[PDB]
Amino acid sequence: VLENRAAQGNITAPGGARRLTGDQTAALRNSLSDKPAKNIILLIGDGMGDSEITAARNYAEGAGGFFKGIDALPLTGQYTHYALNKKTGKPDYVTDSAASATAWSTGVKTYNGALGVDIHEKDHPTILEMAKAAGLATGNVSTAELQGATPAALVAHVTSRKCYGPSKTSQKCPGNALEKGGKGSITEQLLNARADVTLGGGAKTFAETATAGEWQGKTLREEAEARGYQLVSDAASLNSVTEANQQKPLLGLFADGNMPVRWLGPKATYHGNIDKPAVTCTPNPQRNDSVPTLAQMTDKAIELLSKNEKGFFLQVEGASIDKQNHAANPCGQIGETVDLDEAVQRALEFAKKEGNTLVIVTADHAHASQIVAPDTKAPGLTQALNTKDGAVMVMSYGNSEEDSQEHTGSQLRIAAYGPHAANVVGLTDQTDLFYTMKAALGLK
């Protein structure tokens, strides 16, 4: 259960590359607790499998380095995230963001594209709903559109993840359409869920007007304001928020769509590791100092949420790891993994002081990127990068001849710290997480 896992010294010498400073038995034994958790923070790196973690550590911290956030959770395991074929109910080996998020939030498998509904299109309550009912405070933060699959899975039960607002719902999720007597689009269901703290992008869908119900005619933003939501749109206004509760829940919309990525780098190309020079990522000029960082949103959320005596449940998502992986952009992808590590550090720092918080870091599924030899002549897209060690690392995306690289179905790392964190050890299924969180918090 050590906190420092960096190489001991000279990696070229006997024992210089070791990460362990001694025997873990006693320490590891001491970190095993079945006492109930008072709080839970689930950090999700979208599409951040072991490959993505390795590539970003190698680049930002060096091969023998270690992420003070992502690599510091003591209890580790691997878990499966296969989805279901809607027709046959047989496993679909490669899941999408929707079905995977639904699994840990509701504890039941589903088909690719569904949010909060099972194979029968039947709704099941999510962990955030159950927590909110027990009286715990709830948060939902992400760097993607708040209507994106991952954050949406905690507050919406819809049949197609594309049903963002009234427009898409009427024609893609007729049965959820508010007019048809349904629960409504993702956005409207998010407004109904009323989590104490909700922060992310996706401001554009709030410009749509409800077709039915009490706030018919008004845009979703107006409905938000009318219902008591405090709205903030930048780092500054977010910083000034001093309270977030059921009487005045917080809703931050920092981008029309997804929030900008931190690093800028060119897209990987065919024979790019041979024909193009090694790259060194630089900061993204399109990102303003007004758009909050994940670490800032996480920090603010934790402070506002920790005021609730009963406890809180918070989910944080580094959304664009997946997105930049689809786009075959190593810098964008690595910058976002680093961005999430800072968020995990904020969470771990709170967890350690408080002493009753279960922190979990994992991904919804694996992705395309592979770390390959400098001289690889690959069929897909590749790029050479200048890492922190002062050495070149080549990354490869070779599973799609299309504009978008794809998810992969490999089991991946799940790590945790705190009460009940032992239930993450060994082989488990993504659905076990739901039950692990429910039992730690003592939910019924």
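The first residue of the shown sequence is 1; numbering continues from there.
The PDB entry reports B-factors from which the mean C-alpha value can be compared for 18-26 and 428-436; the larger average falls on 18-26. If you average the C-alpha B-factors over 365-373 and over 78-86, the higher value belongs to 78-86.
Note on the listed residues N245, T102, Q147, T138: the highest Cα temperature factor in the record is that of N245.
Going by the entry's values, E402 shows the largest Cα B-factor out of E52, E402, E61, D46. Compared with the other modelled residues of the chain, the Cα B-factor recorded for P36 ranks in the highest third. The PDB entry assigns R346 a C-alpha temperature factor belonging to the lowest third of its chain's modelled residues. Among the modelled residues of the chain, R221 sits in the highest third by CA temperature factor in this PDB entry. Among all modelled residues in this chain, the alpha-carbon of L231 has a temperature factor (C-alpha) in the highest third. Annotation for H271: CA B-factor lies in the middle third of the chain's modelled residues.
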